[PDB]
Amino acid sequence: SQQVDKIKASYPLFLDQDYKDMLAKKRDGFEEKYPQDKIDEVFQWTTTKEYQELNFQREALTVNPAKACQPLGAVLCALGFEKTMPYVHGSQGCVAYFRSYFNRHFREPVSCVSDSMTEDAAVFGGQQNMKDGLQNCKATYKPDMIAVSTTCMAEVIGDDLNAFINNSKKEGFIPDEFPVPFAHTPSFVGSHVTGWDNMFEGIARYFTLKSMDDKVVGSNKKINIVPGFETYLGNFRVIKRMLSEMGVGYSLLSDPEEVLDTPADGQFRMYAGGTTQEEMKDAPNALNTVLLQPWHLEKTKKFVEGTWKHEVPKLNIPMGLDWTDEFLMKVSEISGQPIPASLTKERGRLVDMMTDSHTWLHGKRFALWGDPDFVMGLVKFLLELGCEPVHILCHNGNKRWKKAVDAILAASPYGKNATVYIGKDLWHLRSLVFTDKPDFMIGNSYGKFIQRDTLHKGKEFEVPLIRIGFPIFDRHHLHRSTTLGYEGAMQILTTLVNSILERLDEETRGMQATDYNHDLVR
């Protein structure tokens, strides 16, 4: 039943007695549900150190992964290019998901197409699809470029993109001059971030490889910036801001900040901004090339050092204080430009905020997950703050990366209780936060079910999620934040401290019980 002056949605509609009674009868009548006490027994069990030992002996089953396919990262990469249409060779089901996934994170349209390969292509291969696809795509959406990725299906049947693209040109499905860079993006290797790397190197080789004779390092007096898989718009913008502020010439390669933040003005803009084709062709002439996320830009790096002969600096992601410092100083060295007073002041303000907030941050224990670069950046910053990163998880990490993180932990007293987990999933993490309870989790929206679970055991066992990462679907507009540089450091610091104080308020809010400590001034 509904009162019209206060209409109820699913919640709290279904809390009405009529509904509660119905669901009781459904359960008892037909569901043949285990008894509540059996359920409580098993739930208690899943929180034990015993269950964890079994959990961590898994070898086949993955539960609640914290990673995605290669092609996802390929799409995001391609979207950073001017009037470029991401195009994925294979099954159309993939593109439906890719678009949705990004739709929900960015709350923006996301343009991408498929070959729509079917059963016929299993036997005969996907040549005809590529031809008709490339043609139709170009005709219908008027891209200036089409960046080709693969679904697993295409990879397994062993389609040759290079041959398939060329035959499309040869047979007059696409103009010969029309730019169609490509990359193999098998979902059964690496992760979304590996897809970004493969696409990007696919695009950089298309515009440069053949035309390297006239190229001269330094001629354009700029620095190339490769950002990698980035889902915070503040991160593209902050880097641009800091380089402008330094008076450094730069070229941001794969720059989607405009197309994922078009205004609502009465027009639909399918394409907007992006790295130009000429920016790519001229890229070899840059002083140097800097990779913001080195741990997923391994193939890109090999090509830049290898073919463009740029001495790619050994730089960590510019997260936190030390790695933003090191980033800025490298650029100063490469560019000849001094670090300006405005950035020295910004730095000073971050440090001021650290001094202002240290008492609450000190010794707080955290579990965190995400992509390797992000995660290690976060770890580093937590250690600068005096926090304890207790459970560090990277589903798409490796022993080399792990070793690099273990080194960072070893260099700090705050890393004594830290442990790094690669190839593990949020079901593994769930265990860790029950047996070795932190204060908070930092990670993506998938961490809300862990919080749900920890509450179920009791309020004193609840581990609150702080949403930093990707995807974030259950909050609005957090995709607009910054995690890089001093600005990103300041936003994170604020989120961490205020998450601590928010929770402390919640615990002290009980009247004549815990409110002795509900201080006005923290």
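Each residue number is its position in the shown sequence, starting from 1.
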> Comparing 239 to 247 with 427 to 435, which stretch shows the greater average C-alpha B-factor in the deposited entry?
Replying inline: 239 to 247
>> Please compare 466 to 474 with 36 to 44 and say which has the higher mean C-alpha temperature factor in the record.
In response: 36 to 44
> So among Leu233, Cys394, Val148, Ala407, who wins on Cα B-factor in the entry?
Replying inline: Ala407
>> For the CA B factor values reported in this entry, which option in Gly447, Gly348, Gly80, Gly415 has the top one?
In response: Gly415
> Going by the entry, which third of its chain does the Cα temperature factor of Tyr141 land in?
Replying inline: middle
> For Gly273, does the deposited CA B-factor place it in the lowest, middle or highest third of the chain?
Replying inline: lowest
> C-alpha B factor of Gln52, ranked within the chain: lowest, middle or highest third?
Replying inline: highest
>> What third of the chain does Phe303 rank in for C-alpha temperature factor, lowest, middle or highest?
In response: highest
> Within this chain, which third does the Cα B-factor at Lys6 fall in: lowest, middle or highest?
Replying inline: highest
